[PDB]
Amino acid sequence: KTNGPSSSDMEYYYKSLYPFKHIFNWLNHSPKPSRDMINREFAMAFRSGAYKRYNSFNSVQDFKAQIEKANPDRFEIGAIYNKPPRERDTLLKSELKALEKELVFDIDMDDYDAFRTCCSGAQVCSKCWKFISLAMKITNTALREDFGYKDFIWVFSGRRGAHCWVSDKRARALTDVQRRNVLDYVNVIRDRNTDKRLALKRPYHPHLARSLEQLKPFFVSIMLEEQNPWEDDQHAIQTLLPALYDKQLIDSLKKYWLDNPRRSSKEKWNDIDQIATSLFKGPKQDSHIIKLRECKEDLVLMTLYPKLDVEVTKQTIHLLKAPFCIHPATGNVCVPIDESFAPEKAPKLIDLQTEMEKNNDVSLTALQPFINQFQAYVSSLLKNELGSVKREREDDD
Amino acid sequence: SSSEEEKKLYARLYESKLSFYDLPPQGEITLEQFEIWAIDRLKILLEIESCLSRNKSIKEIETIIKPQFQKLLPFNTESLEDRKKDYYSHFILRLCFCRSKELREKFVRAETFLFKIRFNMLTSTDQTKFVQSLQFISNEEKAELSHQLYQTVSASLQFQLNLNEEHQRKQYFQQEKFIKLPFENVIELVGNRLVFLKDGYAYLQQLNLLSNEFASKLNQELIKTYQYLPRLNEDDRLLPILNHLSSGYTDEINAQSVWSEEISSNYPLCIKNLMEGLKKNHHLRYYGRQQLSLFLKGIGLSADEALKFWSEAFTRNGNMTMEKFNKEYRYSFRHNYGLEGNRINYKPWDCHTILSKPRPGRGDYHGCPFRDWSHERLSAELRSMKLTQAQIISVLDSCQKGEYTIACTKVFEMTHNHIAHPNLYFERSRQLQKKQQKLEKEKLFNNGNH
Ligand code: SF4
């Protein structure tokens, strides 16, 4: 049992390691402090289980000092309010109105455990991280080409997930209805039950078809060989067969696999087509072939398409864990994610302490690349914010 | 304005057969024109509302309304008078319904549905001319995105325009134009994946967005008209018509047969209540006596049979002598029939005039039960009429919204298979009864030849 970081470890991380300035500049959207930070809600989770909401900081130093004094296990970022949330007790409950928050998406491994074999329970490795990687790829595809968003970044959840922070002025100002609309556009797999055929609407929406084409080359390499979940006959019956449309085909495949146990996922995938060809004959064979292809595509999407957490995105007032936070159980830093990121690459707080013992400087530790990446992202966001202000001024004239 | 200049402006406005009603009509119309056009458009909207409350399909509502269009508000005509009728009726109803929020909501909903129907009845060329009259994409941009746009819109085409063949769908798509707008304005269509999205822009289902913009603009203009109404309050001439229009949204028959079950099955619940009160108390107060007498006259009861009816009902308990009945009541009953005074043939009270009544107190039986009875008591008699619990719940939901006439129509329909008049209810029930009797007689005749 690897114990999580101690309270003294959290104090050390907060006093010497947290990139407080970069987070402040990211959330402030301006080099100078503004109401985007003074009126931002922050919620702090303590080791005792206490949860204190509606905290706010006026400056860079105030943020660092309050976080150091509180020493929470983690803290979460809220929306911009019309009034400082820290002054809530002097205000009526109806006076604090949320006005802006970054669009947020949460993806976890929990919805993919039915299709992975390289890890069990709450474990994670590079093999299963391909699910999250494809999820970010598809989500970024949608956000970039369909919504026109530019300033978004992915951050490791700490154990096996990732959070998306869309900081576009258009995305930040979305109402709850608009956020629900974007989520429903992205959340194709509404029913996560693997024991039932999706029966997705046909013809595919261009986003759905594009995602299917993007995911098709990876379906073999991941599912049929690396994970190989349908080698087990019981797992095959539980997850692969229910995605088929024809009862006769399902029964025939079940009997064939009972007579020939432990056929691998690729072999079962080919058996589906072979038995379907043997069964469906005559002038109606083309419809059966088309329906089988549709079911196979639906299973590809069920197995590889992003499975978002739908609550966190719906409302402007929802709180989400801030980046660079320490995961209490693993000690991993919630670092930003690039194309080469894997869960084993996230620095651990104890390792950062060991590095700081040799070199008492954050710039010489393993946390530094992620800090640099975040700083570049913040700089680009600020440049785009200035451009948007100029465009608004031009439009008003 | 010269008549010629007025016609020129109106033609510039109607370049399309459909309008957003952006600019106020200019010109003078007579009071008869004012009230008649207002009442005709109001009837069209009320029929729309009645169809909607019954969950009728769009095609059924269109089919019902087309003859009403040809009769009351002719559309797709080149006559300037019909277009003037539509425009002035719309703006008169704007004046009528701007007073209250609920009236505004009902008006904008009905008017948006009317807009939808009218747009659906237009030709595709006329629809294109109207939408051209919200930036359209160039043909090059359509060609670049043609595959994605066709994939998005193929299902909408198949299910809305019944273009089952792929060739017809492609041929229509080649002629279809698309509008590029931010997805925030069409988030509703984005949710159902009916519109193509690229770089934050939604490519358009156009009827839905057009209806949404029309409803928003109509809401705003109603608000402005409500702000400007008190300046119009100085016109003594229009106020009564506006008030009436706003509130408008809310020997077989003789003295003995009117009590019989054959005739008693046909009355509406108000009339049954008044007759039950008369039977129990052998007396009805002024408003109840007036309502009952005018109904009875409207259903065919002559004056002499009315006098016999009233005398027999009143003298049954012995508390009233015939001398007192002749001294106090005979004159009023004859007057109701136009036999006394100025000989004015009083018309029977519709639902609206009954509701304009002053609320029944203790001992009163007049008014409308659906407005004046408690929910438990109404449930009691509706159970007595062999209505199911779901039907009773629907009727009570209609009563709670203030749609008492809607609930009257509902109880009519459940007990027999839009009514705004007791005599209309009686007449429809009588016609259905005679039709059923004729069908039964025909069945008996057919079963006797085998
Ligand atoms: S809705 Fe009209 S006809 Fe029906 S019971 Fe009420 S007042 Fe009588």
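Residues numbered from 1 in each chain as written, not as in the entry; some residues may be left out. Chains lettered and ligands numbered in written order. Part of a larger assembly, values for the part shown. Heavy atoms only, no water. Residues with missing side-chain atoms left out of burial classes, pairs and counts.

Per the PDB record, the structure was determined using cryo-EM to 3.7 Å resolution.

Labelled according to the PDB entry, chain B appears under the name DNA primase large subunit, originating from Saccharomyces cerevisiae.

For chain A, the PDB entry supplies the name DNA primase and the organism Saccharomyces cerevisiae.

A. The overall build of chain A, seen in detail. Helix and strand counts for chain A come out as 15 helices and eight strands. Seen along its three principal axes, the alpha-carbon backbone of chain A occupies a region of about 75 × 60 × 35 Å. A separation of at least 24 residues holds for 70% of the contacts in chain A among residues at least 6 apart in sequence. (Helix = DSSP H or I, 4+ residues; strand = E, 2+ residues; numbered from the N terminus. Contact = heavy atoms within 4.5 Å.)

B. Representation of the sheet that holds strand β3 (residues 196-198) of chain B in the model. All names here are of chain B. Overall, antiparallel pairing links the four strands, which are arranged β1-β2-β4-β3 in an open sheet. Of all strands in the sheet, those with a lone pairing partner are β1 (135-136) and β3, marking the two edges. As judged from the three bridges shared by strand β2 (residues 179-182) and strand β4 (residues 201-203), these two strands associate in the antiparallel manner. Opposite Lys-180, over in β4, you have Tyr-203 as the bridge partner. (Pairing = 2+ DSSP bridges.)

C. Highlighting the packing of helix α1 (residues 3-13) of chain B against helix α4 (residues 80-97) of chain B. Residues and elements named next belong to chain B. Between α1 and α4, the least distance of the axes is 11 Å, while the angle of their chain directions is 75°. By the angle between their directions, the pair α1 and α4 is classed as roughly perpendicular. Residue-level contacts link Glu-6, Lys-7, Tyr-10 and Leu-13 of α1 to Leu-80, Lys-84, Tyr-87 and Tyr-88 of α4. Partitioning the contact of α1 with α4 into residue classes produces five nonpolar, no polar and three charged. (Axes fitted to C-alpha atoms, helices over the stretch in contact; angles between N-to-C directions. Parallel < 35°, antiparallel > 145°, perpendicular 65-115°, else oblique. Nonpolar A, V, L, I, M, F, W, Y, C, P; charged D, E, K, R; others polar.)

D. Representation of the site of the ligand within the structure. Residues and elements named next belong to chain B. As a matter of local geometry, the ligand sits amid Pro-268, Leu-269, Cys-270, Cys-351, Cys-368, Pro-369, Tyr-404, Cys-408 and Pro-422. Within the residue set of the shell around the ligand, elements represented by two or more residues are α14 (269-281) and α23 (404-416). Partitioned by chemical class, the residues of the shell around the ligand number nine nonpolar, no polar and no charged. (Near = heavy atom within 4 Å.)

E. Quick peek at helix α12 (residues 239-248) of chain B. Residues and elements named next belong to chain B. Regarding α12, the residues found buried are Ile-241, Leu-242, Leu-245, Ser-246 and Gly-248. Looking straight down α12, one finds its buried side chains confined to an arc of 160°; they lie on one side. Where the residues of α12 are buried, they touch α2 (31-53), α4, α5 (101-121), α11 (206-232) and α19 (351-355). (Buried < 20%, exposed > 50% of the residue type's maximum accessible area, 1.4 Å probe, protein only. Arc of directions from axis to C-beta.)

F. View of the pairing of β2 of chain B. With two bridges connecting them, β1 of chain B and β2 of chain B associate as antiparallel partners. By the bridge assignment, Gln-135 of chain B is partnered in β2 of chain B with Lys-180 of chain B.

G. Structural context of helix α8 (residues 146-161) of chain B. Residues and elements named next belong to chain B. Its 16 residues give α8 an end-to-end C-alpha distance of only 20 Å, which falls more than 12% under 22 Å, the value for a rise of 1.5 Å per residue. Within α8, the axis deviates most sharply at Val-153, by approximately 40°. Looking one or two places after α8, you find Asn-162, whose phi comes out positive at around 55°. (Expected span 1.5 Å × (residues − 1). Bend = angle between axes of the 7 residues up to and from the residue.)

H. Main features of unusual backbone geometry. Geometrically, the link from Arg-202 of chain A to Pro-203 of chain A is a cis peptide bond, its omega value of 0° lying close to zero. The residue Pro-203 of chain A is located in the loop between α7 (176-186) and α8 (206-227) in this model. The backbone phi angle of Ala-199 of chain A is positive, close to 55°, even though this residue is not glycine. On the secondary structure map, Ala-199 of chain A appears in the loop between α7 and α8. On the basis of relative accessible area, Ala-199 of chain A is assigned to the partly exposed category, the value being 42%. Despite not being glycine, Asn-76 of chain B has its phi angle at roughly 65°, a positive value. Structurally, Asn-76 of chain B is set in the loop between α3 (58-71) and α4. Taking relative accessible area as the criterion, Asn-76 of chain B reaches 46% and is therefore assigned partly exposed.

I. Highlighting the sheet that holds strand β5 (residues 103-107) of chain A. Residue and element names in this part refer to chain A. The sheet built from three strands is open, its strands ordered β5-β7-β6 with antiparallel pairing. In this open sheet, the two strands that pair with only one neighbour each are β5 and β6 (152-156). When the angles between neighbouring strand axes are averaged without regard to direction, this sheet yields 20°. Pairing of β6 with strand β7 (residues 162-166), which is carried by five bridges, proceeds in the antiparallel orientation. Considered in β7, the bridge of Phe-152 is made with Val-166.

J. Expanded view of the interface of chain A and chain B. On the chain B side, the residues contacting the 19 residues of chain A number 20 residues. Of all the elements in the fold, those that place two or more residues in the side of chain A that touches chain B are α5 (129-146), α7 and α8 of chain A. If you tally residues by element for the side of chain A that touches chain B, the top one is α7 of chain A, at four residues. Classifying every residue of the side of chain A that touches chain B gives nine nonpolar, four polar and six charged.

K. Here's a closer look at the pairing of β6 of chain A. Residue and element names in this part refer to chain A. Of all five residues that make up β6, five are buried, and the element is covered over most of its length. Side chains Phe-152, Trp-154 and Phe-156 project from β6 onto one buried face, and the interleaved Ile-153 and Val-155 project onto a second face that is buried too. Counted along the chain from β6 to the antiparallel partner β7, the turn is five residues long, and its residue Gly-158 has a positive phi close to 110°.

L. Looking closely at the pattern of salt bridges. Applying the stated rule across the entire model yields 37 salt bridges over all chains. The closest approach of N and O atoms between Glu-100 of chain A and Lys-169 of chain A, which form a salt bridge, is 2.9 Å. A residue pair is termed long-range when its members are at least 10 positions apart, and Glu-100 of chain A in strand β4 (residues 98-100) and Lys-169 of chain A in helix α6 (residues 169-172) qualify at 69 residues. On the basis of relative accessible area, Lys-169 of chain A is assigned to the partly exposed category, the value being 37%. Taking the shortest distance from any N to any O, the salt bridge between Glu-141 of chain B and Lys-180 of chain B comes out at 3.2 Å. You can see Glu-141 of chain B sitting in helix α7 (residues 139-144) and its partner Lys-180 of chain B sitting in strand β2, a full 39 residues away along the chain. Residue classification places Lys-180 of chain B among the partly exposed residues on the basis of a relative accessible area of 29%. Linked by salt bridges that have partners in common, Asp-108, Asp-110, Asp-113, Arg-116 and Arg-160 of chain A make up one network. (Salt bridge = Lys/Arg side-chain N within 4 Å of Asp/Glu carboxyl O.)

M. Seen up close, the packing of aromatic side chains. Overall, the coordinates contain 57 aromatic pairs over all chains when judged by the stated rule. Aromatic side chains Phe-314 of chain B and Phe-325 of chain B sit 5.8 Å apart centroid to centroid with 85° between the ring planes, which places their arrangement in the edge-to-face category. Residue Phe-314 of chain B is found in helix α16 (residues 303-315), and its partner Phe-325 of chain B is found in helix α17 (residues 322-328); the two are separated by 11 residues along the sequence. One aromatic cluster is present, built from ring pairs that chain together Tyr-13, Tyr-14, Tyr-18, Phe-20, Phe-42, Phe-57, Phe-63 and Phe-75 of chain A. Across from the ring centre of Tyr-337 of chain B, 5.5 Å away, lies the NZ or CZ of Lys-297 of chain B, which sits over that ring. (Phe/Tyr/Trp six-rings, centres within 6.5 Å; stacked < 30°, edge-to-face > 60°. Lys NZ or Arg CZ within 6 Å of the ring centre and 35° of its normal.)

N. Quick peek at a negative patch on the surface. All names here are of chain A. Together, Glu-392, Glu-394, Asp-395, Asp-396 and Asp-397 give the surface a local cluster of negative charge. Looking at where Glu-392 falls in the secondary structure, it is placed in helix α15 (residues 368-396). Exposure remark for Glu-392: the relative accessible area of 46% places this residue in the partly exposed category. (Patch = residues over 30% accessible without salt bridge, like charges linked within 9 Å, V, L, I, M, F, W, Y side chains within 5 Å. Areas by Shrake-Rupley, 256 points an atom, 1.4 Å probe, with all protein chains shown as cover. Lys, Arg positive; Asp, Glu negative; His and termini not counted. Charge placed at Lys NZ, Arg CZ, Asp CG, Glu CD.)

O. Expanded view of the packing of helix α2 (residues 20-28) of chain A against α15 of chain A. Residue and element names in this part refer to chain A. Packing of α2 against α15 leaves a shortest axis separation of 9 Å and a crossing angle of 25°. Put simply, α2 runs roughly parallel to α15. Two packed elements cross with a definite hand, and for α2 against α15 that hand is left-handed. Contact with α2, carried on its side by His-22, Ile-23, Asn-25 and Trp-26, involves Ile-371, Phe-374, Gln-375, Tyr-377, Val-378, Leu-381 and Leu-382 of α15 and no other residues of that element. Tallied by class, residues from the contact of α2 with α15 come to eight nonpolar, three polar and no charged. (Left-handed = near helix turned anticlockwise from the far one by under 90°.)

P. Just the side chain of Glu-111 of chain B, in detail. Residue and element names in this part refer to chain B. Within the fold, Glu-111 resides in helix α5. Taking the relative accessible area as the measure of exposure, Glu-111 reaches 3% and is therefore buried. With residues up to four places along the chain from it excluded, the contact list for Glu-111 reads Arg-41, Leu-45, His-90 and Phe-214.

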